[PDB]
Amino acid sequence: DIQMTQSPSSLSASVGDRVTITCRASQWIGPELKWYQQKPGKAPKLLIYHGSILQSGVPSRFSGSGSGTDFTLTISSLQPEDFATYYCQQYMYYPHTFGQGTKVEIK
């Protein structure tokens, strides 16, 4: 099993701020990592797949990067709707392991 280590655990930011979230994989997973947005009592929404490719209908201020063991999700200019918990998932090896998640909070 691959261990996904996500940081930070939680963070507080203001509207308009740039936000950066990281995942490390315990061993090489190539580019095959997804990022999900999960709001309380709802379905997780797929934001990015293959490391840096936006799912359709996701705003451009979302972006991803990385290949191998180290990945990053950046939100360039934060919006009130973007306050949520964000999860990374790897899909190189079965089972598809997740990161602990990061809670993006209002200041």
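Note that residue numbering follows the sequence shown and begins at 1.
Stretch comparison (39-47 versus 25-33) by mean CA B-factor in the PDB entry places 39-47 on top.
When the modelled residues of the chain are ordered by their C-alpha B factor, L78 lands in the middle third. For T72, the recorded CA temperature factor ranks within the lowest third of the chain's modelled residues.
The deposited CA B-factor of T102 belongs to the middle third of values across its chain. When all modelled residues of the chain are sorted by CA temperature factor, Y93 is found within the highest third. Per the deposited record, the Cα B-factor of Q6 falls in the lowest third when ranked against the other modelled residues of its chain.
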